[PDB]
Amino acid sequence: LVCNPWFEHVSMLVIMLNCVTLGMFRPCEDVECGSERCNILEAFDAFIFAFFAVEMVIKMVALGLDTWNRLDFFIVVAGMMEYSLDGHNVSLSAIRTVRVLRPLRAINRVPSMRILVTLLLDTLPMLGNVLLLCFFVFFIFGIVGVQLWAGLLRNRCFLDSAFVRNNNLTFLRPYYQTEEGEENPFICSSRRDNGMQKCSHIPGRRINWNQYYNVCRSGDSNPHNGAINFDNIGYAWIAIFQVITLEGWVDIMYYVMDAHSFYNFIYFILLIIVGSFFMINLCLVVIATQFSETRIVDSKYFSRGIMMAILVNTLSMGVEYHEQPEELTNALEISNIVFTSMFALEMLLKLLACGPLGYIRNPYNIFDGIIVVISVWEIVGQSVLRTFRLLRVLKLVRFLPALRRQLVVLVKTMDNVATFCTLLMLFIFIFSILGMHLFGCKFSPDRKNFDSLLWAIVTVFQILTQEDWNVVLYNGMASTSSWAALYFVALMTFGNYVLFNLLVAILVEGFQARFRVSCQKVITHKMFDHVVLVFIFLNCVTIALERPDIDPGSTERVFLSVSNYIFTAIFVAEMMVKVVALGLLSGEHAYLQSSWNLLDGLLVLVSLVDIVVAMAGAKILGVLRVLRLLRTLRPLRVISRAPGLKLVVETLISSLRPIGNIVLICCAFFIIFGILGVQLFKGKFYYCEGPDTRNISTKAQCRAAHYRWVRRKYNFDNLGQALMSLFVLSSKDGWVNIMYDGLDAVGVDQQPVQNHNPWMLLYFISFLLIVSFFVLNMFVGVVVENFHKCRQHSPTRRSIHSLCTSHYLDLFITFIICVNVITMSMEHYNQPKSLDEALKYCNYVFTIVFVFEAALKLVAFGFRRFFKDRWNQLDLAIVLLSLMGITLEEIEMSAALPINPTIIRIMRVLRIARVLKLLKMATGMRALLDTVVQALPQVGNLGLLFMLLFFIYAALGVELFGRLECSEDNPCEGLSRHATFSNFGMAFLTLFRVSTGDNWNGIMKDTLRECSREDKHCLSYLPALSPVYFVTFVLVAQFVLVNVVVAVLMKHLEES
Ligand SMILES: CCCCCCCCCCCCCCC(=O)OC[C@H](COP(=O)(O)OCCN)OC(=O)CCCCCCCCCCCCCC
Ligand SMILES: CC(C)CCC[C@@H](C)[C@H]1CC[C@H]2[C@@H]3CC=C4C[C@@H](OC(=O)CCC(=O)O)CC[C@]4(C)[C@H]3CC[C@]12C
Ligand SMILES: CC(C)CCC[C@@H](C)[C@H]1CC[C@H]2[C@@H]3CC=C4C[C@@H](OC(=O)CCC(=O)O)CC[C@]4(C)[C@H]3CC[C@]12C
Ligand SMILES: CC(C)CCC[C@@H](C)[C@H]1CC[C@H]2[C@@H]3CC=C4C[C@@H](OC(=O)CCC(=O)O)CC[C@]4(C)[C@H]3CC[C@]12C
Ligand SMILES: CC(C)CCC[C@@H](C)[C@H]1CC[C@H]2[C@@H]3CC=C4C[C@@H](OC(=O)CCC(=O)O)CC[C@]4(C)[C@H]3CC[C@]12C
Ligand SMILES: CC(C)(C)CCN1C[C@@H]2[C@@H](CNC(=O)c3cc(Cl)cc(Cl)c3)[C@@H]2C1
Ligand SMILES: [Ca+2]
């Protein structure tokens, strides 16, 4: 019965049968239970439970009163409750949600999965240290957010009560709301606040009603159906969690900037650094570390000739595009006829030399033969075979040894990843059926729904990639309850920060297992570089003061104009002195013998050319614009002058060499899928834009209805457009929308129809899964190479003294502060007056208790000894700080009111420093932070290279996108009042949003849209430069951040 191993196979068969019965559940067609199919399915489910209820009985009898066995017991008893409770209508359906755990029983039946899970469960205990750091971040930023922005997002511009009452009119809405309704609220700034958005910024009517919305008072709803707000600690953690995932975090920032103050970007910048970067990547560091701790044909010319035949054919395939000329189409087919014939000619020649048996011996020769038959078949059969022509690129593997070796390594990586992938599908399946139970037909239908298994799996996969996952969150919270946020928190936490970091650990472990004399002296002077470095910094200020809105006749323009001439002269003289002392190129140690010296030479050369053009009252405007773009690279001269920056830059370039082959393979995949996408989707990404298009079906009807026929910004018209779309897909920002266009594509001059071709999910999901694999091997390649480099390199006083030295006092304080932590979270918006008194009295008790601790500490150790410890200094600071805050509060109560409420608010917010005491107790957490401290010297320079990259692109963006405008005639999708390149200050802030990858694709869309005909000073070739600006910034910015993750990872390993 149980001894026979085939019994487990019988059990496994039933488990899979129980996975299918769960997958055929229809959310809102089975609840009625009135259909015949449901009736048989329920009987099927009952039969399955009988087996497992029986099987548990035999196992208990044979073995009597294994963690997995406990889980099996829990499923049976929970299911029995549901089955036995039948007949009671009180939350019967709600009890039916427990069956989603049944697929977990498959973990124990598969030995490979069980071992992997057991290893995973053994690493969780070491993640508590990271979990504590999460509590500090969420708790600290959860109160500061609540104390500041409690109830401010309810603000709306209301009509005056006297105005409406006296005039006896009520046709108007009570408060201003755009025609979109509550979906785009207009949050004003109260009179006592200094928010950016005021009730006087209301656009006029388009006699004027909008001018009478001039009262900003609290409304009755927060943004997103009440989902986003800081009214209490519960709602503040939902906002903070969304910021940590970097999805829609700018939207939350703009809400509080519009309501409280523009200087709230400091709060979010620290959160994105402390929590979103370090805290979330320390999870990867800890997991990865812990896992590791547990005759003519053979001629070279003939081979080269065949190589170029394949390569040229591949290039010819990617020259197609929309509205292709007829002659070009004919030429391509003729080219295909020639190339396939040439391959056929090689097919015959090799067969004769080696014979039919000899040819089959070579494995690659087999693949070549399979290609010739289809190529000839296509001609003889004269369109599905056309898409198969892309397999010809695989022939190049024969002649590329570096890539052939690399592909073997990647292919071998699938053996280790196979077990993890099976565990991931189970994780996605369980959460997919759970979502249908909770959000079944509740999203009244949105594309991101749980109405069926197919679209429940796609929505769960989409959430894991963190793309519009907050849009689904708001639907879930509004539809069922605000506590539905736990579904997304658990899905995103167990999935991204636990399971994905386990995949990284698997891969990392697998791979791991007379005048000239004067000049010669001056440049060699110790302070020469420092003197020059001062001038470079002053030249950076001049670059950062440039902006479009400078009046040419103002004194600022002439000041900037003159400063350029001086700096050009200064850097020419510095170059001139150096060349004299070293010689241009003739000498062995000549000036241009080093790349860094050469880099300067180009910069000085361009400056001189700029002067000449400026000297020339001629048609040289186009040239002037280009020189202005190259003049933003001047800050690059800082690297050579700073020894620390020079070393880190040289290290980043070296790190690229080990992963050079992966990048080449990744670049080849982009082209293969880019050409594939063009064939499928070229000419099908057009749509009719109008208020009502339910009757439009073709282009002609769109024109007849007097609407506009417009093309998507990201399309597959040609290989140029396809590569830009694939990069946006790979970046996982805006990748869902591009997928929707592919699904809805119908044909040329045809209106897209929703979910027209669901089979296109394979094209988009496959690209994301494969690319994410390549990008993961790049991270592992850098980690492995770095590790290789590291390896090769009085009686009344005595009683008090006993108490203070004893651990009892420390544990007593830790309890008091814990209570204060709970008390500090009791506050909320519009709390009852009784609570204010109760919380105030609690403050009195804590203040005196802390005061007694200081008094006892002083006597036990003494004034000089007590001040020695840093912890005691921290305690003194807060107690002094706490007394000051309470004193001001009492004066505020008193009749005298000279204290500005701003001071009282700041003191209340700064009272949270009491939590820092627990930092002393958490010995484990402090050690984890100490790992980051030891990595600061390596991480500090990487931060200097991050700010240097920001400066060059921030100044370059202002020159390019400085004058772009947003208006109702030319609406923008990514830019707004908060996101602009108007000045260097705004460009710097916008690039921070882009680096985090939050709606950075919408910003590029704004630069690709054609400028108005009437508008002037529009760059004709801006749409060509925008992809280069955003692609290079994204790749360079992400590489630097990855190397910061590796730097901390190395120190964690070498420390243990
Ligand atoms: C240290 C934390 C780390 C993880 C944080 C991740 C985010 C957690 C979000 C989960 C909490 C969701 C509840 C939020 C909330 O307050 O809303 C619920 C409820 C309003 O919703 P109704 O549908 O009942 O509307 C009623 C309308 N009158 O809010 C309340 O009224 C009070 C609920 C309790 C407030 C929160 C106290 C507990 C702290 C959050 C619980 C989550 C813990 C995470 C482990
Ligand atoms: C990248 C390797 C692996 C393959 C080679 C790819 C090329 C064949 C691609 C890259 C850029 C493509 C071009 C990008 C943009 C255009 C403009 C497009 O529209 C026009 O020519 C505009 C006409 C007008 O404005 O009047 C026609 C296709 C064409 C030339 C594309 C033809 C195919 C090109 C040259
Ligand atoms: C180390 C480098 C980056 C130098 C330090 C940076 C500064 C040069 C930046 C930071 C803040 C910037 C300022 C932020 C805000 C403004 C207002 C803004 O004014 C306008 O655009 C016009 C407003 C109006 O006319 O009402 C742009 C210029 C200025 C002074 C910016 C000029 C450049 C500043 C001083
Ligand atoms: C460690 C901490 C997080 C747990 C202990 C703190 C709780 C006792 C606090 C946290 C937030 C408080 C809530 C914040 C806001 C509200 C809403 C308030 O008004 C409403 O119920 C209206 C809600 C609406 O209109 O949406 C009633 C009290 C209540 C539930 C509070 C009750 C007490 C709560 C749950
Ligand atoms: C291989 C992966 C890592 C991507 C690498 C970057 C590409 C996404 C970039 C490199 C060059 C870019 C192209 C450069 C120029 C153009 C022409 C541009 O159209 C015009 O120039 C017409 C308007 C005008 O005349 O200015 C459309 C985008 C496109 C194809 C760009 C699309 C995005 C491309 C392919
Ligand atoms: C660059 C690195 C240092 C390696 C970290 C990058 N990662 C961080 C981030 C997550 C987003 N989520 C997914 O990619 C995803 C997709 C599926 Cl199907 C299942 C699961 Cl569990 C997760 C990525 C990639
Ligand atoms: Ca996004």
# chains A, B, ... in the order shown; residues from 1 in each chain; ligands from 1
call {"tool": "residues_around", "arguments": {"residues": "range 292-295 of chain A", "least_positions_apart": "6", "cutoff": "12 Å", "atoms": "only C-alpha atoms", "output": "VMD selection string"}}
result
chain A and resid 116 118 to 123 126 285 to 286 301 to 303 349 to 350 352 to 354 502 504 to 513 1053 1056
call {"tool": "residues_around", "arguments": {"residues": "residue 627 in chain A", "least_positions_apart": "2", "cutoff": "10 Å", "atoms": "only C-alpha atoms", "output": "JSON, numbers by chain"}}
result
{"A": [606, 607, 609, 610, 613, 622, 623, 624, 625, 629, 630, 631, 632]}
call {"tool": "write_last_selection", "arguments": {"atoms": "N, CA, C and O atoms", "output": "compact mmCIF listing (two decimals), in the first residue's frame"}}
result
# COMPACT_ATOMS: atom_id res chain seq x y z
N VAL A 606 37.35 71.32 -30.55
CA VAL A 606 35.98 71.72 -30.83
C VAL A 606 35.73 73.14 -30.36
O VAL A 606 35.00 73.91 -31.01
N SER A 607 36.32 73.52 -29.22
CA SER A 607 36.14 74.88 -28.72
C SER A 607 36.67 75.91 -29.71
O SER A 607 36.03 76.94 -29.94
N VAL A 609 36.96 75.54 -32.97
CA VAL A 609 36.06 75.57 -34.12
C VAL A 609 34.82 76.38 -33.79
O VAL A 609 34.29 77.11 -34.64
N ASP A 610 34.32 76.27 -32.55
CA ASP A 610 33.15 77.05 -32.15
C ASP A 610 33.45 78.54 -32.26
O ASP A 610 32.61 79.31 -32.73
N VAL A 613 33.35 79.64 -35.97
CA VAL A 613 31.98 79.74 -36.46
C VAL A 613 31.29 80.96 -35.86
O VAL A 613 30.57 81.69 -36.55
N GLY A 622 22.86 75.61 -38.75
CA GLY A 622 22.86 74.18 -38.50
C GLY A 622 24.14 73.72 -37.83
O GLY A 622 24.10 72.90 -36.90
N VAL A 623 25.28 74.22 -38.29
CA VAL A 623 26.55 73.86 -37.67
C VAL A 623 26.60 74.33 -36.22
O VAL A 623 27.05 73.60 -35.34
N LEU A 624 26.13 75.55 -35.96
CA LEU A 624 26.16 76.08 -34.60
C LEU A 624 25.41 75.17 -33.64
O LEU A 624 25.84 74.98 -32.50
N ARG A 625 24.27 74.61 -34.07
CA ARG A 625 23.49 73.76 -33.18
C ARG A 625 24.27 72.52 -32.77
O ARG A 625 24.23 72.11 -31.60
N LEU A 629 25.74 71.08 -28.90
CA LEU A 629 25.52 69.77 -28.29
C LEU A 629 26.83 69.17 -27.80
O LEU A 629 26.88 68.59 -26.71
N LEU A 630 27.90 69.30 -28.59
CA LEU A 630 29.19 68.74 -28.19
C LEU A 630 29.84 69.53 -27.06
O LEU A 630 30.75 69.02 -26.42
N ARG A 631 29.39 70.76 -26.82
CA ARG A 631 29.96 71.57 -25.75
C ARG A 631 29.47 71.16 -24.37
O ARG A 631 29.93 71.72 -23.37
N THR A 632 28.55 70.20 -24.29
CA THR A 632 28.07 69.67 -23.02
C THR A 632 28.92 68.52 -22.50
O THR A 632 28.69 68.06 -21.38
call {"tool": "residues_around", "arguments": {"residues": "range 408-413 of chain A", "least_positions_apart": "4", "cutoff": "9 Å", "atoms": "only C-alpha atoms", "output": "ChimeraX atom specification"}}
result
/A:403-404,417-418,507,510,774,777
call {"tool": "select_by_dssp", "arguments": {"residues": "range 705-815 of chain A", "states": "strand (DSSP E or B)", "output": "PDB file with N, CA and C atoms, in the first residue's frame"}}
result
ATOM      1  N   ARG A 708      -9.176  61.329 -37.092  1.00  0.00           N
ATOM      2  CA  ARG A 708      -7.773  61.285 -37.483  1.00  0.00           C
ATOM      3  C   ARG A 708      -7.249  59.855 -37.451  1.00  0.00           C
ATOM      4  N   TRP A 709      -6.487  59.494 -38.482  1.00  0.00           N
ATOM      5  CA  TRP A 709      -5.853  58.185 -38.591  1.00  0.00           C
ATOM      6  C   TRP A 709      -4.381  58.355 -38.237  1.00  0.00           C
ATOM      7  N   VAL A 710      -3.994  57.878 -37.056  1.00  0.00           N
ATOM      8  CA  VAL A 710      -2.672  58.157 -36.504  1.00  0.00           C
ATOM      9  C   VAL A 710      -1.952  56.847 -36.205  1.00  0.00           C
ATOM     10  N   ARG A 711      -0.625  56.905 -36.095  1.00  0.00           N
ATOM     11  CA  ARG A 711       0.210  55.728 -35.904  1.00  0.00           C
ATOM     12  C   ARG A 711       0.803  55.728 -34.503  1.00  0.00           C
ATOM     13  N   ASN A 718       9.536  49.286 -39.554  1.00  0.00           N
ATOM     14  CA  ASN A 718      10.801  48.847 -40.121  1.00  0.00           C
ATOM     15  C   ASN A 718      11.708  48.409 -38.981  1.00  0.00           C
ATOM     16  N   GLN A 750      -6.849  48.866 -41.261  1.00  0.00           N
ATOM     17  CA  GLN A 750      -7.926  48.235 -40.512  1.00  0.00           C
ATOM     18  C   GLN A 750      -7.856  48.674 -39.057  1.00  0.00           C
TER      19      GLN A 750
END
call {"tool": "closest_residue", "arguments": {"among": "A:646, A:21, A:717, A:810", "to": "residue 40 in chain A", "atoms": "only C-alpha atoms"}}
result
A:21
call {"tool": "residues_near_ligand", "arguments": {"ligand": "ligand 4", "cutoff": "7 Å", "atoms": "only C-alpha atoms and all ligand atoms", "output": "short mmCIF file (atom, residue, chain, number, x, y, z; two decimals) with C-alpha atoms, in the first residue's frame"}}
result
data_model
loop_
_atom_site.label_atom_id
_atom_site.label_comp_id
_atom_site.auth_asym_id
_atom_site.auth_seq_id
_atom_site.Cartn_x
_atom_site.Cartn_y
_atom_site.Cartn_z
CA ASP A 231 -4.62 59.47 6.44
CA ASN A 232 -3.27 56.70 8.69
CA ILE A 233 -0.29 54.37 9.01
CA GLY A 234 -2.12 51.65 7.11
CA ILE A 822 2.64 51.66 18.85
CA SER A 825 1.09 54.90 14.94
CA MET A 826 -2.27 55.57 16.64
CA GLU A 827 -2.43 59.03 15.07
CA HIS A 828 -4.64 59.52 12.02
CA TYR A 829 -6.57 62.25 10.21
#
call {"tool": "residues_near_ligand", "arguments": {"ligand": "ligand 5", "cutoff": "10 Å", "atoms": "only C-alpha atoms and all ligand atoms", "output": "number ranges by chain"}}
result
A: 663-664, 666-671, 674, 713-714, 717-728, 730, 1008-1010, 1019-1032, 1035
call {"tool": "select_by_dssp", "arguments": {"residues": "range 474-543 of chain A", "states": "alpha helix (DSSP H)", "output": "ChimeraX atom specification"}}
result
/A:474-479,485-494,500-512,515-524,528-543
